[PDB]
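Presented below, as structure tokens, is a lone chain in the form solved without benzimidazol-1-ylmethanol.
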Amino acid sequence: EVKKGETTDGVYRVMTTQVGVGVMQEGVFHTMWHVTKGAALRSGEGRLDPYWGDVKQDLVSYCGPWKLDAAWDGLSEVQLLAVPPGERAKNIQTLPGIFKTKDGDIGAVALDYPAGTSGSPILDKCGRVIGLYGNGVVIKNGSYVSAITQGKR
């Protein structure tokens, strides 16, 4: 009993113990590869099957192609919609740093949250998801820096 065309967009916990987080948008579930390892997901009766995935990008989509295409403008502050295990979803504003690789530059957020937070969305001021949190490095002082990992639409 739903209106034709209705979805339920939003942010979801990937549970097993929370192993990760994901974004539901336009009927596709977006999370990071290392969270599900391409395994199928349950959505209460419905089963989500993987559609696209890349280990190197550490991304995977379920039920359809990757839909998120907004990008950080390299200039403005962003918000991590952090969904840590056992805690309510919460918005953290920050100015991203920069990962510099031999193949270009990527935004990166210096925010530290448990491993089960991987797949939490990063937002621009429009509320558009500009990437997923949870693939980065631990620097010398023990703190964690995550790339703003975005896919291709």
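Numbers follow the displayed sequence, beginning with 1.
One more form of this protein, solved in complex with benzimidazol-1-ylmethanol, exists but is not displayed; see below.
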Exactly one listed stretch (90 to 98, 114 to 122, 65 to 73, 45 to 53) reaches within 4.5 angstroms of benzimidazol-1-ylmethanol in the entry with it bound by non-hydrogen atoms, and it is 114 to 122
So in the entry with it bound, does residue 144 come within 4.5 Å of benzimidazol-1-ylmethanol, heavy atom to heavy atom?
-> yes
If you look in the entry with it bound, which residues in 127 to 142 sit within 4.5 Å of benzimidazol-1-ylmethanol (heavy atoms)?
-> 133, 134
